[PDB]
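Only one chain is given next, in structure tokens, and it is the form deposited without the partner chain.
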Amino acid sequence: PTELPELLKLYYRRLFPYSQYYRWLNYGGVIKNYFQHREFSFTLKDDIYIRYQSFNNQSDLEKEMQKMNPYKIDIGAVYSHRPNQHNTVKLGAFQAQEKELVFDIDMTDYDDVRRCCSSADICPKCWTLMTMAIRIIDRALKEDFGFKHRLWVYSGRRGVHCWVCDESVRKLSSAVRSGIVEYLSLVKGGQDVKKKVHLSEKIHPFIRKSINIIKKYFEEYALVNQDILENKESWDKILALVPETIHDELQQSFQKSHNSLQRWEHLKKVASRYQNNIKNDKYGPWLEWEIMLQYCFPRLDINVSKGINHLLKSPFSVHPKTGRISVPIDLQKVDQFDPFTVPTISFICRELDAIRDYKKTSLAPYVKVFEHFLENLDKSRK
């Protein structure tokens, strides 16, 4: 990590997409002081960071970034005054007023249903959890809430970010933001809780449509790549999510079967014949769905979305612990996104001078994703 300083110096001088970055956060320049009242937080060397940075224009941002060469850049809220003037403001008047609705998803939050990685590690076997998270959440944001300007970003290490940028979304209060999160959440409980998903008799359309997305990926991700029913050590973790009165019946049919595909098929048949309520003769796949949701449904870092003033790593910032650049994700190629081809700052600095802007490097197609998102914002403003 000692190479970072000179690599960052070249990155911010020749590669960082300043014009596209300002086109984003200036939002057409129609509202006064909108960019000028935006907080930036720079992380420097040795985990030292500065809060409440703000700039007058694109040029002032360029000069300060090329002067500070920060290890990472966080974006905060748009405030009532210039953040760099917040000490001259009378107490109580400095307030966060607007910010994009953001989401942060971390692979670590799935450690209880991951077999391949743990902590901040990721691999192709578990990245499909992010593919499903993007598609489930983005569908809800697009179709259920009518949000039209959504930027998905690779966080650089262990997950993804989403920036919802509709002008009315940026005005939402903390309370409404929490209400949106609650609408989107189904997996509830810490490590103390065994069964984290419970469904009602009547399935809300959001749950049905999310289930059907998971169904497209469940066989190859859960029963092959993860092999969640490989042996007793792992299939007892799934029996913890079903009533005891059917453990015996499932225990035997599992040992008689030979792979997870067969054992899942047996679980579905038993689960759909379990009598949940003795009052009625109503049966269904509720248990089947609760298992699929607990293993695949998106798990949000909820506090990132609730707070208006919460900082989030900027797109095209470096992740200082991996060297990877936080790059936009092509929503039209979400299934093909490979976090392991994401260029590091070292990689693109090498491409630049191998026999001078980002188009000469592997960062170019990621900027094009950002530009497509920017052109849709400009169209909604015309």
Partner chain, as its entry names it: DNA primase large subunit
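Residue numbers count along the first chain shown, from 1.
Unshown form solved in complex with the partner chain; subsequent notes refer to it.
- Stretch-level contact analysis of 232-240, 108-116, 206-214, 153-161 against the partner chain in the deposited bound form, using heavy atoms and a 4.5 Å limit, identifies 206-214.
- This chain is displayed alone, yet in the deposited bound form one of 175, 120, 93, 193 has a heavy atom within 4.5 Å of the partner chain; that residue is 175.
- For the options 137, 186, 102, 292, the residue carrying a heavy atom within 4.5 angstroms of the partner chain in the deposited bound form is 186.
- For a residue to qualify, one of its non-hydrogen atoms must sit within 4.5 Å of the partner chain in the deposited bound form; all three of 143, 147 and 179 qualify.
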